[PDB]
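Data block below; observations after.
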Amino acid sequence: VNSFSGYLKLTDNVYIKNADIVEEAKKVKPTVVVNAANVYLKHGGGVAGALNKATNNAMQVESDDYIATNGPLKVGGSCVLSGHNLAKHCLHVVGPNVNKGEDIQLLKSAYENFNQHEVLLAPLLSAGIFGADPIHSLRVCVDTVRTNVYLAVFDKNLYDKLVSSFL
Ligand SMILES: O=C(O)C[C@H](NC(=O)c1ncnc2[nH]cnc12)c1ccc(Br)cc1
């Protein structure tokens with residue numbers, strides 16, 4: 003039993019809700035919140051910009067030190083950093099950005115990072131400003147993630163389409 007509330011169950015291990023991941027994280031304080039990161043951990047917009055804003059830019063400060071030490075992530079890769087006031091940890095995961103020409107096959111590799119964590123609050127990878135089809139992102143999630151994932155979908159219209167079209 004966990005604290006996540008109001009989710010629709012899609013499969014044994016995947017759950018979905020129309021919610022602002024920022025507000026959801028502040029309420030649940032999950033062990034892991036997933037950020038829709040880029041390789042430079044520049045949290046300018048989309049989910050990343052919103053999460054970072056909610057940390058009063060502390061996420062960005064921590065991320066800049068991480069990059070200065072380690073260099074950029076790989077597309078499809080991840081790193082674990084602090085969750086600040088939102089969660090114990092933030093798993094920064096880089097899905098491919100279609101608006102940069104990146105291989106959509108890397109979306110499966112991106113979701114594989116979730117399997118290193120028993121329970122996660124997460125957005126749909128590569129959705130939104132990353133330009134991929136969110137219906138496809140959900141399919142890859144369900145077919146790749148084996149740990150317990152609670153998906154927050156900000157847009158109500160998109161949430162209803164995701165549910166109504168789910169196989
Ligand atoms: O809707 C989505 O979940 C995907 C993307 N948004 C985000 O990734 C996002 N951004 C900020 N806070 C969030 N909390 C949870 N997801 C959040 C998006 C896609 C299509 C349309 Br249309 C409008 C937005």
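End of the sequence shown sits at 169 in the authors' numbering; the numbers just go up one at a time, nothing left out.
For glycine and all other residues, C-beta sits at the position ideal for the given N, C-alpha and C.
In chain order, what residues of the same chain lie with their CB nearer than 7 Å to the CB of residue 2, ignoring the 5 residues before and after it?
Missing from the structure shown is residue 2; the chain here goes from 3 to 169 and no further.
Roughly how many whole angstroms lie between the Cα atoms of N72 and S166?
Using only the alpha carbons, I get a separation of about 42 Å.
Between the alpha carbons of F168 and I137, how many angstroms are there, rounded?
Looking at the two C-alpha atoms, the distance is approximately 8 Å.
CA-CA distance, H91 and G51?
Taking the straight line joining both Cα atoms gives about 17 Å.
Kindly give me the distance between the Cβ atoms of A134 and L109, rounded to whole angstroms, as I take these residues to be in contact under 8 Å.
About 7 Å; that satisfies the 8 Å criterion.
Can you check which of these residues, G103, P74 and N150, is closest to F116 by C-alpha distance?
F116 has its Cα closest to that of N150, out of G103, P74 and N150.
Helix, strand or coil for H91, going by three-state DSSP, please let me know.
It is a strand residue.
I'd like the list of long-range same chain contacts for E120, defined as Cβ closer than 7 Å, with 5 residues on each side in sequence excluded.
Only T149 and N150 meet the Cβ criterion.
Less than 9 Å separating the beta-carbons of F156 and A21?
Cβ atoms of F156 and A21: closer than 9 Å.
Helix, strand or coil: which one does DSSP assign to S84?
Strand at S84.
Tell me residue 1's beta-bridge partners as DSSP assigns them.
Past the edges of the chain, shown from 3 to 169, lies residue 1, and the structure says nothing about it.
Just to check, is the beta-carbon of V24 closer than 8 Å to a non-hydrogen atom of ligand 1?
Yes; taking the cut-off as 8 Å, the Cβ of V24 has a heavy atom of ligand 1 nearer than that.
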